[PDB]
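Have a look below at one chain only, the form deposited in one PDB entry, in structure tokens format.
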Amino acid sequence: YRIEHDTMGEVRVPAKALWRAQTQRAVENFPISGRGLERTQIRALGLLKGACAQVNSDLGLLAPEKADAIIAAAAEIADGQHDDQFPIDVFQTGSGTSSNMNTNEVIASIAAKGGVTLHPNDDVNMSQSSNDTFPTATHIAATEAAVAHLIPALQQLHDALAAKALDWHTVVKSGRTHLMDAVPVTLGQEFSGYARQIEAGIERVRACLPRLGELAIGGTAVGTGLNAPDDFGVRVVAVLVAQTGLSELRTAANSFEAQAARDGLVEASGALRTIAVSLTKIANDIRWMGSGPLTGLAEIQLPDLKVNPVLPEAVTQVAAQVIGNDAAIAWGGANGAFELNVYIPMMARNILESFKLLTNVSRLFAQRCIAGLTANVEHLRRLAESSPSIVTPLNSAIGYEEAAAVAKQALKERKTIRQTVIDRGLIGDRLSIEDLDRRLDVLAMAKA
């Protein structure tokens, strides 16, 4: 319940709080959602402030005692020790300056406990602006989410689907097109399709990384780098790559584009949206395959967590959320003006949530649904044995003309190809029953 002094009056701040007057003013200004920055965003702000202090110390602009104090305080923030010291709403000034100042104030308070006096702006914000910091922290967090978390979760799900594609390679069943009975396929072939969708999703995320990983740091207020060293960005990026192991981080190709727009977030959200579209098809097919057991398809059994398909439901709900988040991201992305896009906090919340939801639900889907599925093999074969057949595989035995007459008579009389052959008296020296049954065999028709 302490009291601090701002250039517009008094400011009451909780006693255990490491934040100062500017953060408290932002708390009072933006009571909108009641939610603040996520752990990933706080970590990236800590990483960035430590790297900037490191580079300011290397260039001789910041006394080594002050840099050491910022570096140690920043490492605690990056390590998750101060996730309760960031109370500002997501829906704040659209540069994210409020959160940038929150980080400067918390580092100054941590340093003061260790006996060092730091000015939040002149020391902790040295060579930085109110406008190049929060977007840099956003792109660090998004690139870490893509590379360290989403891609491995998607690979786990790909591997689970591919393992079923191989197990079920000869588990024949009926194909369905337009929801209507079609020629045979295998359950393994369908899973090979699901696995390719997830592999393509990993390709889509990898394709966005050259632009997602672009950082604005060094551009300062408008992109020109005024009041920063000319090589500030390239030096800070090198420290961040070294500390995180994220080789995908890079300086911006164009310092104006990197601050006037957040196009890299819009691009990345489109990859995540495409993954949500793929996951919707996979999850829907799996719940339909497990439907019933008397009123539905009853092709597979899902693991029980009459089992309701609770992980397909979680997957499809997550996909809906990614689709909505993606619309919010593109709306903010389009609406920048001149030197700055002022939708960064909202865009950051949405893209980081989409990464988190897809990573977590993919791992759960892989481990607690896909890996445990069991096929109802005898039921699936009975469905394959009820698919339509074709005459083509009889051509070499009865010739193009008799085959065509079998096709026509089967259609007219609503008979199978097999029975129409028997009924036309075609079993003989040209065609044994055995040869009929081998030519029309449903696993052979699946071409597995």
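Throughout, rigid core stands for the largest set of C-alpha atoms superposing within 1.5 Å between the two forms. Numbers for residues come from their place in the sequence shown, where the first is 1.
The segment from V277 to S278 is modelled without interruption, since every residue of the deposited sequence in that interval carries coordinates. Per-stretch averaging of Cα B factors for 378 to 386 and 413 to 421 places 413 to 421 on top. Comparing the deposited coordinates for 149 to 157 and 83 to 91, the stretch with the larger average C-alpha B-factor is 83 to 91. The top Cα temperature factor in the record, among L37, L47, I32, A405, falls on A405. Ranked by C-alpha B-factor against the other modelled residues of its chain, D263 falls in the lowest third. Looking at the C-alpha B-factors along this chain, the one for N227 belongs to the middle third. Per-chain ranking of the deposited C-alpha B factor places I344 in the lowest third.
Placement of the Cα temperature factor of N100 within the chain: middle third of the modelled residues, per the deposited record.
In the PDB entry, a CA B factor belonging to the middle third of its chain's modelled residues is recorded for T251.
Below, we turn to the form deposited in another entry, even though it does not appear here.
The Cα shift for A63 between this form and the one not shown, taken after rigid core superposition, is smaller than 2 angstroms.
Relative to the superposed core, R418 undergoes a C-alpha shift of no less than 2 Å between this form and the one not shown. After superposition on the rigid core, the Cα of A21 moves by less than 2 Å between this form and the one not shown.
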